[PDB]
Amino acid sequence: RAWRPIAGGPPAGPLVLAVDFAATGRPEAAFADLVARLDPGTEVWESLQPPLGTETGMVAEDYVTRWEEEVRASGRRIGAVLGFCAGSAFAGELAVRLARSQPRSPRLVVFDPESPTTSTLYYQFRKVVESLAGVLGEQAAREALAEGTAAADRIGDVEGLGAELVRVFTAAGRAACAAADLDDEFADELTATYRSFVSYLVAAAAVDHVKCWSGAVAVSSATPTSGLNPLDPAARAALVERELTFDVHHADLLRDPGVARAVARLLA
């Protein structure tokens, strides 16, 4: 399955889709934190990734079609599509498609929207490695950072860089097993999950976000490197239909009461 219900509602009511890379207990607030704070009765499904390994061979069209065909099969109408971070790219594509497949277009709301670059990929890699430095061990972590830095210096395209960082991280997992005493099945889960993440980010980067965000309402944190914040003010205004701003960190955006209050009004 490609979607999971995360909030319940009237049997045939309009549905909200929420697109993000699920990682329960991650530090950044998630869609579950937002939906907790929305209007009762808002039915919400969150995007699931392909089962681990089955993403290999999938490009952005295949990601989007998998999500879309499940919605088509369900018979449900979509009232809004939400995305967070790179999920915003998929959220955009799906909303554009649903505008064409439905009599009435869904609302599109994007939260710190990003189209991944080599920079955002490399930062995410360093964060993943740092967060796992305990389980990888000091040797494997250090070497992953060194190799990753080399890679980010040499490889200028998103798809190539992502492939090499997955190679690096896979190697680090193996090294943590051979040294560091990491359990082999847990290492395979860690490396397959980072691989799934990079596949998702690289596919998100392929989406024509300039086309797919033209109708979006953006919700922006105050973190200057996140979302639309690094853009020139005229570039931001050109890119999306409307931008709401909130004085919160990127990591707390989806758990903010203010944000939720505003989203409920956007969806009403």
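Residue numbers here begin at 1 and follow the sequence given.
Legend entry - 222 to 230 set against 29 to 37, stretch whose average Cα temperature factor tops the other in the entry: Between 29 to 37 and 222 to 230, it is 222 to 230.
Legend entry - Selected stretch [higher average CA B-factor]: 192 to 200 or 131 to 139: Going by the record's values, the stretch with the higher mean is 131 to 139.
Legend entry - Out of 157, 164, 93, 114, highest CA B-factor residue: Highest C-alpha B-factor among the listed residues goes to 157.
Legend entry - Out of 49, 56, 42, 65, residue topping the C-alpha B-factor column of the entry: It is 42.
Inset, instruction - Pull the Cα B-factor of residue 125 out of the PDB entry and bin it into the chain's lowest, middle or highest third. - result: It falls in the middle third of the chain.
Inset, instruction - Report the third (lowest, middle or highest) to which the CA temperature factor of residue 170 belongs, ranking only the modelled residues of the same chain. - result: Its C-alpha B-factor belongs to the middle third of this chain's values.
Inset, instruction - Name the third of the chain's ranked CA B-factors that contains residue 75, choosing lowest, middle or highest. - result: Middle third - that is where residue 75 ends up once the chain's C-alpha B-factors are sorted.
Inset, instruction - Please place residue 118 in the lowest, middle or highest third of its chain by C-alpha B factor as given in the entry. - result: Its C-alpha B-factor, which the entry lists for residue 118, ranks in the highest third among residues of this chain.
Legend entry - Relative C-alpha B-factor of residue 105, binned into the chain's lowest, middle or highest third: Middle third.
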